[PDB]
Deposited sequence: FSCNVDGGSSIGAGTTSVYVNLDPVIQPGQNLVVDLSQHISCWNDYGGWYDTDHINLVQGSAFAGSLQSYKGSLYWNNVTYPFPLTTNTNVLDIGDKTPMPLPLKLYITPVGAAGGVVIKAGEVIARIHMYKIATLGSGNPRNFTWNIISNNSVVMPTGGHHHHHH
């Protein structure tokens, strides 16, 4: 099982920066949408649904904006964010990269700085054969631009 960010090199585990464009203007009360399907994709390293991968997002995933409320959309369910439970499982068995069905909804001068981590999303992988060779990924979401209020 592997992933990449913006079509880059393969990632098997660990922490990776994910850079996102945010609305530069936000008014008190507005809602920011971060569509991570535009950046993070994952695939099965054998294909053919031979040793299917099972991935979910993990309890504790949170803003970094620590006081913000929000929602996290993952694979047909919208969870309160920060995550207080593990999400449903997405199964990945094709070698073709699958953009992750993942969106973050954020409700808050400069409020978000370019280059600062605004959320840490922990993803867990376990496959089917043997032990499933479980792996941990963390996606550190980073804004490419300032967001001002």
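Residues of the deposited sequence with no modelled C-alpha atom fall in the ranges 65 to 66, 111 to 115, 157 to 166.
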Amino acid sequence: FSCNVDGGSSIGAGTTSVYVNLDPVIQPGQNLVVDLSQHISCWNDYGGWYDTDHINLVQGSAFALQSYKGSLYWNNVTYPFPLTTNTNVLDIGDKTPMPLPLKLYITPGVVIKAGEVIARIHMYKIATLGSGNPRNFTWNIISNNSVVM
From here on, numbers count along this sequence of modelled residues.
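Of the two stretches examined, 35 to 43 and 22 to 30, the record assigns the greater average C-alpha temperature factor to 22 to 30. As recorded in the PDB entry, 66 to 74 is the stretch of 66 to 74 and 119 to 127 with the greater mean C-alpha temperature factor. As recorded in the entry, 110 carries the highest CA temperature factor of 83, 104, 89, 110.
When the Cα B-factors of 9, 136, 133, 140 are read from the PDB record, 9 comes out highest.
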